[PDB]
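Data block for target.txt (compact mmCIF, N, CA and C atoms):
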# COMPACT_ATOMS: atom_id res chain seq x y z
N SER A 1 0.84 -1.22 0.00
CA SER A 1 0.00 0.00 0.00
C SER A 1 0.87 1.27 0.00
N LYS A 2 1.39 1.65 -1.18
CA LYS A 2 2.18 2.88 -1.38
C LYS A 2 1.26 4.11 -1.59
N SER A 3 1.81 5.32 -1.46
CA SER A 3 1.10 6.61 -1.67
C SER A 3 2.08 7.74 -2.04
N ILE A 4 2.61 7.73 -3.27
CA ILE A 4 3.28 8.90 -3.87
C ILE A 4 2.25 9.92 -4.43
N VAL A 5 2.69 10.82 -5.31
CA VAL A 5 1.96 11.96 -5.89
C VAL A 5 2.42 12.19 -7.34
N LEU A 6 1.63 11.75 -8.32
CA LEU A 6 1.77 12.03 -9.75
C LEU A 6 0.63 12.93 -10.24
N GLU A 7 0.60 13.22 -11.54
CA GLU A 7 -0.27 14.20 -12.18
C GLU A 7 -0.41 15.53 -11.38
N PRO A 8 0.69 16.18 -10.92
CA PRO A 8 0.62 17.33 -10.03
C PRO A 8 0.11 18.57 -10.77
N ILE A 9 -1.18 18.90 -10.64
CA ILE A 9 -1.80 20.05 -11.31
C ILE A 9 -1.92 21.19 -10.30
N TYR A 10 -1.09 22.21 -10.48
CA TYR A 10 -1.05 23.42 -9.67
C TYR A 10 -1.41 24.62 -10.56
N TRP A 11 -2.68 24.67 -10.96
CA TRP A 11 -3.33 25.72 -11.75
C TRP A 11 -2.98 25.62 -13.24
N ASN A 12 -1.68 25.70 -13.56
CA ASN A 12 -1.08 25.49 -14.89
C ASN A 12 0.46 25.35 -14.75
N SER A 13 0.93 24.30 -14.07
CA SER A 13 2.36 24.04 -13.83
C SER A 13 2.93 22.99 -14.79
N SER A 14 4.27 22.91 -14.87
CA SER A 14 4.97 21.89 -15.66
C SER A 14 4.73 20.49 -15.08
N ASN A 15 4.58 19.49 -15.95
CA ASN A 15 4.32 18.09 -15.59
C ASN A 15 5.48 17.17 -16.06
N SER A 16 5.48 15.90 -15.64
CA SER A 16 6.49 14.92 -16.09
C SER A 16 6.48 14.75 -17.62
N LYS A 17 5.28 14.71 -18.21
CA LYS A 17 5.05 14.56 -19.66
C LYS A 17 5.16 15.88 -20.43
N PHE A 18 4.78 17.01 -19.82
CA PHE A 18 4.85 18.38 -20.38
C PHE A 18 4.40 18.45 -21.86
N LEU A 19 3.12 18.12 -22.13
CA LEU A 19 2.49 18.02 -23.46
C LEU A 19 3.43 17.45 -24.56
N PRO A 20 3.80 16.15 -24.48
CA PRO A 20 4.84 15.56 -25.34
C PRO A 20 4.41 15.39 -26.82
N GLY A 21 3.15 15.68 -27.14
CA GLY A 21 2.49 15.50 -28.44
C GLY A 21 1.10 14.85 -28.33
N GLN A 22 0.73 14.38 -27.13
CA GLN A 22 -0.56 13.77 -26.78
C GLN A 22 -1.32 14.54 -25.68
N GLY A 23 -0.62 15.07 -24.67
CA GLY A 23 -1.20 15.84 -23.57
C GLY A 23 -0.61 15.43 -22.22
N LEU A 24 -1.29 14.54 -21.50
CA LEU A 24 -0.88 14.13 -20.16
C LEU A 24 -1.19 12.65 -19.90
N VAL A 25 -0.16 11.82 -19.81
CA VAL A 25 -0.30 10.39 -19.48
C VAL A 25 -0.55 10.23 -17.99
N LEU A 26 -1.51 9.37 -17.63
CA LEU A 26 -1.78 8.97 -16.25
C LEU A 26 -1.18 7.58 -15.97
N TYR A 27 -1.00 7.29 -14.68
CA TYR A 27 -0.48 6.02 -14.17
C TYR A 27 -1.59 5.29 -13.40
N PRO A 28 -2.38 4.42 -14.07
CA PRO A 28 -3.43 3.63 -13.44
C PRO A 28 -2.86 2.45 -12.62
N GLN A 29 -2.06 2.77 -11.60
CA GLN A 29 -1.29 1.82 -10.79
C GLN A 29 -1.53 2.03 -9.28
N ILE A 30 -1.85 0.94 -8.58
CA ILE A 30 -2.11 0.92 -7.14
C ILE A 30 -0.81 1.22 -6.38
N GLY A 31 -0.81 2.33 -5.63
CA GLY A 31 0.39 2.90 -5.00
C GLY A 31 0.55 4.41 -5.21
N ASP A 32 -0.20 4.97 -6.16
CA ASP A 32 -0.09 6.36 -6.59
C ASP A 32 -1.37 7.17 -6.28
N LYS A 33 -1.26 8.50 -6.32
CA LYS A 33 -2.35 9.45 -6.09
C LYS A 33 -2.18 10.63 -7.04
N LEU A 34 -3.29 11.25 -7.41
CA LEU A 34 -3.29 12.43 -8.27
C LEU A 34 -4.28 13.49 -7.76
N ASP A 35 -3.78 14.72 -7.70
CA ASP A 35 -4.44 15.91 -7.16
C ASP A 35 -4.54 16.99 -8.25
N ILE A 36 -5.77 17.23 -8.70
CA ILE A 36 -6.09 18.36 -9.57
C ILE A 36 -6.50 19.55 -8.71
N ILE A 37 -5.88 20.70 -8.95
CA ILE A 37 -6.16 21.99 -8.30
C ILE A 37 -6.12 23.07 -9.39
N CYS A 38 -7.21 23.82 -9.54
CA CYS A 38 -7.31 24.97 -10.44
C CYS A 38 -8.02 26.14 -9.71
N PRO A 39 -7.55 27.40 -9.85
CA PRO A 39 -8.12 28.54 -9.14
C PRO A 39 -9.29 29.16 -9.92
N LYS A 40 -9.19 29.18 -11.26
CA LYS A 40 -10.02 29.93 -12.22
C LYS A 40 -9.93 31.46 -12.04
N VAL A 41 -10.28 32.19 -13.10
CA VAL A 41 -10.59 33.63 -13.09
C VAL A 41 -11.89 33.90 -12.32
N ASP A 42 -11.82 34.67 -11.23
CA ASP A 42 -12.97 35.04 -10.38
C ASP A 42 -12.71 36.29 -9.50
N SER A 43 -12.15 36.11 -8.30
CA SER A 43 -11.69 37.12 -7.34
C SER A 43 -10.31 37.68 -7.74
N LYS A 44 -9.44 36.82 -8.28
CA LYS A 44 -8.06 37.16 -8.68
C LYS A 44 -7.98 37.91 -10.02
N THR A 45 -8.98 37.71 -10.88
CA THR A 45 -9.20 38.37 -12.18
C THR A 45 -7.95 38.42 -13.09
N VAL A 46 -7.31 37.25 -13.29
CA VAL A 46 -6.03 37.08 -14.03
C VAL A 46 -6.14 36.19 -15.27
N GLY A 47 -6.93 35.11 -15.23
CA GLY A 47 -7.20 34.27 -16.41
C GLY A 47 -7.97 34.99 -17.53
N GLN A 48 -8.71 36.07 -17.20
CA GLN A 48 -9.45 36.94 -18.12
C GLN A 48 -10.39 36.18 -19.08
N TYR A 49 -11.55 35.73 -18.55
CA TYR A 49 -12.54 34.92 -19.26
C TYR A 49 -11.88 33.70 -19.96
N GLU A 50 -11.40 32.76 -19.15
CA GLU A 50 -10.89 31.47 -19.61
C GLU A 50 -11.24 30.35 -18.62
N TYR A 51 -11.95 29.34 -19.13
CA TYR A 51 -12.42 28.16 -18.41
C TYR A 51 -12.38 26.96 -19.37
N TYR A 52 -12.18 25.77 -18.82
CA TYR A 52 -11.96 24.53 -19.57
C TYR A 52 -12.80 23.38 -18.98
N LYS A 53 -13.05 22.35 -19.79
CA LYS A 53 -13.96 21.24 -19.47
C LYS A 53 -13.44 19.90 -19.97
N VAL A 54 -12.54 19.31 -19.17
CA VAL A 54 -12.06 17.93 -19.32
C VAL A 54 -13.23 16.96 -19.18
N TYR A 55 -13.32 15.96 -20.06
CA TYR A 55 -14.38 14.94 -20.06
C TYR A 55 -13.90 13.60 -20.61
N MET A 56 -14.22 12.51 -19.91
CA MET A 56 -13.89 11.14 -20.33
C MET A 56 -14.71 10.70 -21.56
N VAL A 57 -14.01 10.30 -22.63
CA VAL A 57 -14.58 9.87 -23.92
C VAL A 57 -13.60 8.97 -24.67
N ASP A 58 -14.10 8.13 -25.59
CA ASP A 58 -13.28 7.19 -26.38
C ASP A 58 -12.28 7.90 -27.32
N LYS A 59 -11.30 7.16 -27.86
CA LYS A 59 -10.40 7.65 -28.93
C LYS A 59 -11.14 8.21 -30.15
N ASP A 60 -12.34 7.70 -30.44
CA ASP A 60 -13.19 8.13 -31.55
C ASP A 60 -13.65 9.60 -31.40
N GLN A 61 -13.92 10.01 -30.16
CA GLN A 61 -14.22 11.39 -29.80
C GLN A 61 -12.95 12.26 -29.77
N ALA A 62 -11.80 11.71 -29.35
CA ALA A 62 -10.48 12.33 -29.54
C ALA A 62 -10.13 12.58 -31.02
N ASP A 63 -10.64 11.75 -31.93
CA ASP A 63 -10.45 11.87 -33.38
C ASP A 63 -11.31 12.99 -34.00
N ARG A 64 -12.57 13.13 -33.55
CA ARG A 64 -13.48 14.23 -33.92
C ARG A 64 -13.19 15.56 -33.23
N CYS A 65 -12.45 15.55 -32.12
CA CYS A 65 -12.28 16.69 -31.22
C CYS A 65 -13.59 17.21 -30.62
N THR A 66 -14.49 16.29 -30.27
CA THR A 66 -15.80 16.60 -29.70
C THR A 66 -16.08 15.75 -28.46
N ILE A 67 -16.84 16.28 -27.50
CA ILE A 67 -17.24 15.55 -26.29
C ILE A 67 -18.58 14.83 -26.56
N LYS A 68 -18.84 13.70 -25.89
CA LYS A 68 -20.14 13.01 -25.96
C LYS A 68 -21.16 13.76 -25.09
N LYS A 69 -22.39 13.99 -25.58
CA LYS A 69 -23.49 14.58 -24.77
C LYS A 69 -23.88 13.78 -23.52
N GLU A 70 -23.53 12.49 -23.49
CA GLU A 70 -23.68 11.59 -22.33
C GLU A 70 -22.62 11.83 -21.23
N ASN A 71 -21.76 12.83 -21.41
CA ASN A 71 -20.94 13.43 -20.36
C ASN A 71 -21.76 13.99 -19.18
N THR A 72 -21.04 14.32 -18.10
CA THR A 72 -21.51 14.86 -16.81
C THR A 72 -20.33 15.18 -15.87
N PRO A 73 -19.30 14.31 -15.70
CA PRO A 73 -18.17 14.55 -14.80
C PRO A 73 -17.12 15.47 -15.44
N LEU A 74 -17.48 16.75 -15.62
CA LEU A 74 -16.59 17.80 -16.12
C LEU A 74 -15.44 18.05 -15.12
N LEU A 75 -14.25 18.33 -15.65
CA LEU A 75 -13.05 18.70 -14.88
C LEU A 75 -12.27 19.85 -15.57
N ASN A 76 -11.00 20.06 -15.22
CA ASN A 76 -10.08 21.09 -15.72
C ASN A 76 -10.27 22.44 -14.99
N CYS A 77 -11.42 23.12 -15.13
CA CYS A 77 -11.87 24.36 -14.44
C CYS A 77 -13.12 25.01 -15.12
N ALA A 78 -14.35 24.72 -14.69
CA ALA A 78 -15.58 25.34 -15.22
C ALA A 78 -15.97 26.68 -14.58
N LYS A 79 -16.78 27.48 -15.30
CA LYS A 79 -17.47 28.68 -14.78
C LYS A 79 -18.46 28.40 -13.63
N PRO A 80 -19.53 27.59 -13.80
CA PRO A 80 -20.50 27.27 -12.74
C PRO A 80 -19.97 26.23 -11.72
N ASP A 81 -18.76 26.46 -11.21
CA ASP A 81 -18.08 25.62 -10.21
C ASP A 81 -16.93 26.35 -9.48
N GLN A 82 -16.41 27.44 -10.06
CA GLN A 82 -15.25 28.20 -9.57
C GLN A 82 -13.98 27.33 -9.44
N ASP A 83 -13.13 27.56 -8.43
CA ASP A 83 -11.95 26.74 -8.13
C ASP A 83 -12.34 25.26 -7.98
N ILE A 84 -11.70 24.39 -8.76
CA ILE A 84 -11.88 22.94 -8.64
C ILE A 84 -10.66 22.35 -7.94
N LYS A 85 -10.94 21.50 -6.96
CA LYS A 85 -9.95 20.71 -6.25
C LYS A 85 -10.50 19.30 -6.05
N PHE A 86 -9.73 18.30 -6.44
CA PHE A 86 -10.05 16.89 -6.23
C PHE A 86 -8.76 16.09 -6.13
N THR A 87 -8.66 15.23 -5.12
CA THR A 87 -7.56 14.29 -4.96
C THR A 87 -8.12 12.87 -4.94
N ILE A 88 -7.61 12.04 -5.84
CA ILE A 88 -7.90 10.61 -5.93
C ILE A 88 -6.64 9.85 -5.54
N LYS A 89 -6.83 8.80 -4.75
CA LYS A 89 -5.78 7.93 -4.23
C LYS A 89 -6.10 6.49 -4.62
N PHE A 90 -5.16 5.83 -5.29
CA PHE A 90 -5.31 4.46 -5.78
C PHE A 90 -5.20 3.48 -4.60
N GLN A 91 -6.26 3.40 -3.80
CA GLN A 91 -6.37 2.51 -2.65
C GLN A 91 -6.76 1.08 -3.07
N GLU A 92 -6.48 0.09 -2.22
CA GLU A 92 -6.64 -1.34 -2.56
C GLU A 92 -8.12 -1.74 -2.77
N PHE A 93 -9.00 -1.25 -1.89
CA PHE A 93 -10.45 -1.48 -1.87
C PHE A 93 -11.14 -0.17 -1.46
N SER A 94 -12.31 0.11 -2.03
CA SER A 94 -13.09 1.32 -1.74
C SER A 94 -14.55 0.96 -1.43
N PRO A 95 -14.92 0.85 -0.14
CA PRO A 95 -16.29 0.53 0.27
C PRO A 95 -17.27 1.69 0.02
N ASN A 96 -16.78 2.90 -0.27
CA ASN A 96 -17.60 4.08 -0.57
C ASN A 96 -18.21 4.02 -1.98
N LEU A 97 -17.38 3.77 -3.01
CA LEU A 97 -17.81 3.60 -4.41
C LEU A 97 -16.70 2.93 -5.25
N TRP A 98 -17.06 1.92 -6.04
CA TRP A 98 -16.16 1.21 -6.97
C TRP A 98 -15.55 2.09 -8.08
N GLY A 99 -15.97 3.35 -8.21
CA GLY A 99 -15.36 4.36 -9.09
C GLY A 99 -13.97 4.84 -8.64
N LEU A 100 -13.65 4.75 -7.33
CA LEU A 100 -12.30 4.99 -6.80
C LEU A 100 -11.38 3.75 -6.90
N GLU A 101 -11.95 2.55 -7.02
CA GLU A 101 -11.18 1.38 -7.46
C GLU A 101 -10.93 1.42 -8.98
N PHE A 102 -9.89 0.71 -9.42
CA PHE A 102 -9.48 0.61 -10.82
C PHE A 102 -9.30 -0.86 -11.20
N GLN A 103 -9.57 -1.18 -12.47
CA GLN A 103 -9.53 -2.55 -12.99
C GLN A 103 -8.36 -2.72 -13.97
N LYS A 104 -7.87 -3.96 -14.08
CA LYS A 104 -6.79 -4.34 -15.01
C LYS A 104 -7.35 -4.79 -16.36
N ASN A 105 -6.48 -4.93 -17.37
CA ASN A 105 -6.83 -5.13 -18.78
C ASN A 105 -7.85 -4.09 -19.32
N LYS A 106 -7.73 -2.84 -18.86
CA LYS A 106 -8.60 -1.70 -19.21
C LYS A 106 -7.76 -0.52 -19.69
N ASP A 107 -8.38 0.32 -20.50
CA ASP A 107 -7.80 1.53 -21.08
C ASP A 107 -8.85 2.64 -21.04
N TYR A 108 -8.46 3.80 -20.52
CA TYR A 108 -9.31 4.99 -20.40
C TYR A 108 -8.70 6.14 -21.21
N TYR A 109 -9.57 6.85 -21.92
CA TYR A 109 -9.28 8.06 -22.67
C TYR A 109 -10.17 9.19 -22.15
N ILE A 110 -9.63 10.41 -22.19
CA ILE A 110 -10.27 11.66 -21.75
C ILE A 110 -9.75 12.75 -22.66
N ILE A 111 -10.58 13.71 -23.06
CA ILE A 111 -10.17 14.84 -23.92
C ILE A 111 -10.69 16.16 -23.34
N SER A 112 -10.15 17.27 -23.82
CA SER A 112 -10.59 18.62 -23.46
C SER A 112 -10.50 19.57 -24.65
N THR A 113 -11.15 20.72 -24.51
CA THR A 113 -11.42 21.69 -25.57
C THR A 113 -10.83 23.06 -25.22
N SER A 114 -9.61 23.08 -24.67
CA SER A 114 -8.87 24.28 -24.24
C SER A 114 -8.66 25.37 -25.33
N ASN A 115 -8.95 25.08 -26.61
CA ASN A 115 -9.01 26.10 -27.67
C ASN A 115 -10.23 27.03 -27.52
N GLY A 116 -11.30 26.55 -26.88
CA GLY A 116 -12.61 27.20 -26.74
C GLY A 116 -13.11 27.88 -28.02
N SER A 117 -12.99 27.19 -29.17
CA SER A 117 -13.39 27.68 -30.50
C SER A 117 -14.84 28.18 -30.51
N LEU A 118 -15.22 29.11 -31.39
CA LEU A 118 -16.58 29.66 -31.45
C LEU A 118 -17.65 28.57 -31.66
N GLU A 119 -17.39 27.58 -32.53
CA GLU A 119 -18.29 26.43 -32.71
C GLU A 119 -18.44 25.56 -31.44
N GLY A 120 -17.40 25.50 -30.60
CA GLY A 120 -17.31 24.70 -29.38
C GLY A 120 -17.30 25.51 -28.08
N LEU A 121 -17.75 26.77 -28.11
CA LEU A 121 -17.65 27.70 -26.98
C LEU A 121 -18.50 27.21 -25.79
N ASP A 122 -19.67 26.65 -26.12
CA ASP A 122 -20.66 26.07 -25.22
C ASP A 122 -21.04 24.65 -25.66
N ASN A 123 -21.06 24.40 -26.98
CA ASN A 123 -21.17 23.06 -27.54
C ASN A 123 -19.95 22.18 -27.21
N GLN A 124 -20.11 20.89 -27.45
CA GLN A 124 -19.14 19.83 -27.19
C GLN A 124 -18.01 19.74 -28.23
N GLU A 125 -17.31 20.83 -28.58
CA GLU A 125 -16.32 20.84 -29.68
C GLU A 125 -15.03 21.59 -29.31
N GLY A 126 -13.93 21.30 -30.02
CA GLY A 126 -12.62 21.92 -29.80
C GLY A 126 -11.68 21.84 -31.00
N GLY A 127 -10.52 22.49 -30.85
CA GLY A 127 -9.38 22.42 -31.77
C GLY A 127 -8.05 22.12 -31.07
N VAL A 128 -8.05 22.02 -29.73
CA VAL A 128 -6.84 21.78 -28.92
C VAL A 128 -6.41 20.32 -29.03
N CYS A 129 -7.34 19.35 -28.93
CA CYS A 129 -7.00 17.93 -29.11
C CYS A 129 -6.37 17.65 -30.50
N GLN A 130 -6.68 18.51 -31.48
CA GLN A 130 -6.18 18.48 -32.85
C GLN A 130 -4.74 19.04 -33.02
N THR A 131 -4.25 19.87 -32.08
CA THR A 131 -2.97 20.61 -32.22
C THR A 131 -2.13 20.67 -30.94
N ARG A 132 -2.62 21.29 -29.85
CA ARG A 132 -1.98 21.22 -28.50
C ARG A 132 -1.84 19.77 -28.02
N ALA A 133 -2.80 18.94 -28.44
CA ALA A 133 -3.14 17.64 -27.89
C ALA A 133 -3.39 17.73 -26.38
N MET A 134 -4.66 17.92 -25.99
CA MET A 134 -5.12 17.81 -24.60
C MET A 134 -6.04 16.61 -24.46
N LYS A 135 -5.42 15.42 -24.51
CA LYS A 135 -6.05 14.17 -24.08
C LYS A 135 -5.19 13.45 -23.04
N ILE A 136 -5.79 12.46 -22.39
CA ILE A 136 -5.12 11.58 -21.43
C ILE A 136 -5.27 10.13 -21.88
N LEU A 137 -4.31 9.30 -21.49
CA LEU A 137 -4.28 7.86 -21.72
C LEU A 137 -3.87 7.19 -20.40
N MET A 138 -4.60 6.13 -20.04
CA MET A 138 -4.39 5.27 -18.88
C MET A 138 -4.17 3.83 -19.37
N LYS A 139 -2.94 3.30 -19.27
CA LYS A 139 -2.57 1.93 -19.66
C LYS A 139 -2.34 1.05 -18.43
N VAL A 140 -3.19 0.03 -18.26
CA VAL A 140 -3.09 -1.01 -17.22
C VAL A 140 -3.49 -2.38 -17.80
N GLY A 141 -2.48 -3.20 -18.07
CA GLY A 141 -2.61 -4.59 -18.53
C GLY A 141 -2.36 -5.57 -17.37
N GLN A 142 -1.41 -6.50 -17.54
CA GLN A 142 -0.88 -7.40 -16.50
C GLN A 142 -0.46 -6.66 -15.21
Can the structure in the file be given as structure tokens, please?
Amino acid sequence: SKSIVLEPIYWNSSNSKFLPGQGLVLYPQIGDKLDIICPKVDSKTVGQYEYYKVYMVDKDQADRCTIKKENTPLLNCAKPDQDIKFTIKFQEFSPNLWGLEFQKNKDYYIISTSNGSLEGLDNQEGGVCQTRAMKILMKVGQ
């Protein structure tokens, strides 16, 4: 039962992967933890009308640069939520919800629309996954 700290998100800080051409790789491995922290533009008035919406979707949606309407668990930093903070810890068993547990022989993809294009300003669309590459990949086999 280890507990280090990967995916260190401190508003907009440098990462281990540092957008290598895909975005940000995650480690779906028991022993690790990841903490997302974003302040957003609000009281500090520095981001100047900028907010983002990370959402879990297949590679097929990463290919279109669009989110599925069957989304709901938005991340990154939304307007109707202010500062987002969440820490997940890869614990052995979770009696609270099986969503904090993770399974083997599985692969997860997630994309975001950090370009905030006029077609995708409020709709499920982007241009960042196409160029910046803001997606995630989680590899857990054996």
Open item on the list: Can you tell me which residues surround residue A:25 at a distance of at most 8 Å, considering only C-alpha atoms, apart from same-chain residues fewer than 4 positions away, and format the answer as a ChimeraX atom specification?
Closed with: /A:17,136-138
Extract, using only C-alpha atoms, all DNA, RNA and protein residues at most 8 Å from residue A:23, discarding same-chain residues fewer than 5 positions from it, and format them as a PDB file with N, CA and C atoms, keeping the file's coordinate frame.
ATOM      1  N   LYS A  17       5.280  14.710 -18.210  1.00  0.00           N
ATOM      2  CA  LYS A  17       5.050  14.560 -19.660  1.00  0.00           C
ATOM      3  C   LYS A  17       5.160  15.880 -20.430  1.00  0.00           C
ATOM      4  N   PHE A  18       4.780  17.010 -19.820  1.00  0.00           N
ATOM      5  CA  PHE A  18       4.850  18.380 -20.380  1.00  0.00           C
ATOM      6  C   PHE A  18       4.400  18.450 -21.860  1.00  0.00           C
ATOM      7  N   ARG A 132      -2.620  21.290 -29.850  1.00  0.00           N
ATOM      8  CA  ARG A 132      -1.980  21.220 -28.500  1.00  0.00           C
ATOM      9  C   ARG A 132      -1.840  19.770 -28.020  1.00  0.00           C
ATOM     10  N   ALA A 133      -2.800  18.940 -28.440  1.00  0.00           N
ATOM     11  CA  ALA A 133      -3.140  17.640 -27.890  1.00  0.00           C
ATOM     12  C   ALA A 133      -3.390  17.730 -26.380  1.00  0.00           C
ATOM     13  N   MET A 134      -4.660  17.920 -25.990  1.00  0.00           N
ATOM     14  CA  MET A 134      -5.120  17.810 -24.600  1.00  0.00           C
ATOM     15  C   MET A 134      -6.040  16.610 -24.460  1.00  0.00           C
ATOM     16  N   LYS A 135      -5.420  15.420 -24.510  1.00  0.00           N
ATOM     17  CA  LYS A 135      -6.050  14.170 -24.080  1.00  0.00           C
ATOM     18  C   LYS A 135      -5.190  13.450 -23.040  1.00  0.00           C
ATOM     19  N   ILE A 136      -5.790  12.460 -22.390  1.00  0.00           N
ATOM     20  CA  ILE A 136      -5.120  11.580 -21.430  1.00  0.00           C
ATOM     21  C   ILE A 136      -5.270  10.130 -21.880  1.00  0.00           C
TER      22      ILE A 136
END
Task: Selected residue, from A:97, A:66, A:84, A:61, that lies nearest to residue A:125 when counting all atoms listed in the file - done: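 Smallest distance to residue A:125 is found for A:66.
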Around all of stretch 17-35 of chain A's listed atoms, make the axis-aligned box with 4 Å on each side and tell me centre and edge lengths in Å to one decimal, as lines of an AutoDock Vina configuration file.
center_x = 0.4
center_y = 9.7
center_z = -16.7
size_x = 17.8
size_y = 25.5
size_z = 31.4
TODO: List every residue of stretch 2-128 of chain A that DSSP, applied to the backbone of this structure, places in strand (DSSP E or B), and write the result as a PyMOL selection string.
DONE: chain A and resi 6-10+23-26+33-38+52-56+66+75-77+84-89+106-111+125
Task: A:88, A:49, A:140, A:58 ranked by distance to residue A:116, top pick (using only C-alpha atoms) - done: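 Counting only C-alpha atoms, the residue closest to residue A:116 is A:49.
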TODO: Would you please work out which residue, of A:40, A:33, A:2, A:139, is nearest to residue A:80 when using only C-alpha atoms?
DONE: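 So, comparing all the options, the nearest one is A:40.
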Open item on the list: So the first atom is atom CA of residue A:101 and the second is atom CA of residue A:81; what is the distance between them in Å, to one decimal place?
Closed with: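 Distance reported for this atom pair: 25.4 Å.
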Open item on the list: Env of residue A:76: 8 Å cut, atoms = only C-alpha atoms, seq-sep filter 6 positions within chain, self excluded. Answer as an MDAnalysis selection string.
Closed with: chainID A and resid 36 38 51:54 84
Task: Shortest interatomic distance to residue A:131 - which of A:22, A:7, A:118, A:1, counting only N, CA and C atoms - done: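 The answer is A:22, which sits nearest to residue A:131.
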Open item on the list: What's the separation between atom C of residue A:46 and atom N of residue A:65, in Å to one decimal place?
Closed with: 27.4 Å
Task: Test item: which residues lie within 9 Å of (-18.1, 15.8, -21.8) counting only C-alpha atoms, as a PyMOL selection string - done: chain A and resi 53-57+66-74+110-112+124
TODO: For atom C of residue A:11 and atom N of residue A:99, determine how far apart the two atoms are, in Å to one decimal place.
DONE: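 For atom C of residue A:11 relative to atom N of residue A:99, the distance reads 26.3 Å.
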TODO: Return the single residue from A:45, A:37, A:102, A:26 that is closest to residue A:10, with distances computed using all atoms listed in the file.
DONE: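 Smallest separation from residue A:10 among the options: A:37.
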TODO: Per DSSP on the backbone, filter chain A down to the residues in helix (DSSP H, G or I) and report them as a ChimeraX atom specification.
DONE: /A:59-64,118-120
Supply stretch 47-59 of chain A as a PDB file, in the frame of the given file, with N, CA, C and O atoms built in where the input has gaps.
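Final file, result-v8.pdb:
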ATOM      1  N   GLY A  47      -6.930  35.110 -15.230  1.00  0.00           N
ATOM      2  CA  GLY A  47      -7.200  34.270 -16.410  1.00  0.00           C
ATOM      3  C   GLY A  47      -7.970  34.990 -17.530  1.00  0.00           C
ATOM      4  O   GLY A  47      -7.847  34.611 -18.694  1.00  0.00           O
ATOM      5  N   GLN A  48      -8.710  36.070 -17.200  1.00  0.00           N
ATOM      6  CA  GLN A  48      -9.450  36.940 -18.120  1.00  0.00           C
ATOM      7  C   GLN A  48     -10.390  36.180 -19.080  1.00  0.00           C
ATOM      8  O   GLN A  48     -10.098  36.016 -20.263  1.00  0.00           O
ATOM      9  N   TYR A  49     -11.550  35.730 -18.550  1.00  0.00           N
ATOM     10  CA  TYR A  49     -12.540  34.920 -19.260  1.00  0.00           C
ATOM     11  C   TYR A  49     -11.880  33.700 -19.960  1.00  0.00           C
ATOM     12  O   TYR A  49     -11.785  33.594 -21.185  1.00  0.00           O
ATOM     13  N   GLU A  50     -11.400  32.760 -19.150  1.00  0.00           N
ATOM     14  CA  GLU A  50     -10.890  31.470 -19.610  1.00  0.00           C
ATOM     15  C   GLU A  50     -11.240  30.350 -18.620  1.00  0.00           C
ATOM     16  O   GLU A  50     -10.906  30.406 -17.437  1.00  0.00           O
ATOM     17  N   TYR A  51     -11.950  29.340 -19.130  1.00  0.00           N
ATOM     18  CA  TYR A  51     -12.420  28.160 -18.410  1.00  0.00           C
ATOM     19  C   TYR A  51     -12.380  26.960 -19.370  1.00  0.00           C
ATOM     20  O   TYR A  51     -12.547  27.114 -20.585  1.00  0.00           O
ATOM     21  N   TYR A  52     -12.180  25.770 -18.820  1.00  0.00           N
ATOM     22  CA  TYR A  52     -11.960  24.530 -19.570  1.00  0.00           C
ATOM     23  C   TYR A  52     -12.800  23.380 -18.980  1.00  0.00           C
ATOM     24  O   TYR A  52     -13.195  23.424 -17.814  1.00  0.00           O
ATOM     25  N   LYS A  53     -13.050  22.350 -19.790  1.00  0.00           N
ATOM     26  CA  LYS A  53     -13.960  21.240 -19.470  1.00  0.00           C
ATOM     27  C   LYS A  53     -13.440  19.900 -19.970  1.00  0.00           C
ATOM     28  O   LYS A  53     -13.808  19.408 -21.038  1.00  0.00           O
ATOM     29  N   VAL A  54     -12.540  19.310 -19.170  1.00  0.00           N
ATOM     30  CA  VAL A  54     -12.060  17.930 -19.320  1.00  0.00           C
ATOM     31  C   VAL A  54     -13.230  16.960 -19.180  1.00  0.00           C
ATOM     32  O   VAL A  54     -14.033  17.106 -18.254  1.00  0.00           O
ATOM     33  N   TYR A  55     -13.320  15.960 -20.060  1.00  0.00           N
ATOM     34  CA  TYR A  55     -14.380  14.940 -20.060  1.00  0.00           C
ATOM     35  C   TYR A  55     -13.900  13.600 -20.610  1.00  0.00           C
ATOM     36  O   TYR A  55     -13.253  13.530 -21.663  1.00  0.00           O
ATOM     37  N   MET A  56     -14.220  12.510 -19.910  1.00  0.00           N
ATOM     38  CA  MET A  56     -13.890  11.140 -20.330  1.00  0.00           C
ATOM     39  C   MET A  56     -14.710  10.700 -21.560  1.00  0.00           C
ATOM     40  O   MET A  56     -15.937  10.719 -21.539  1.00  0.00           O
ATOM     41  N   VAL A  57     -14.010  10.300 -22.630  1.00  0.00           N
ATOM     42  CA  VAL A  57     -14.580   9.870 -23.920  1.00  0.00           C
ATOM     43  C   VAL A  57     -13.600   8.970 -24.670  1.00  0.00           C
ATOM     44  O   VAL A  57     -12.397   9.033 -24.450  1.00  0.00           O
ATOM     45  N   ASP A  58     -14.100   8.130 -25.590  1.00  0.00           N
ATOM     46  CA  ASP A  58     -13.280   7.190 -26.380  1.00  0.00           C
ATOM     47  C   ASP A  58     -12.280   7.900 -27.320  1.00  0.00           C
ATOM     48  O   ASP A  58     -12.440   9.080 -27.659  1.00  0.00           O
ATOM     49  N   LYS A  59     -11.300   7.160 -27.860  1.00  0.00           N
ATOM     50  CA  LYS A  59     -10.400   7.650 -28.930  1.00  0.00           C
ATOM     51  C   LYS A  59     -11.140   8.210 -30.150  1.00  0.00           C
ATOM     52  O   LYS A  59     -10.647   9.112 -30.814  1.00  0.00           O
TER      53      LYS A  59
END
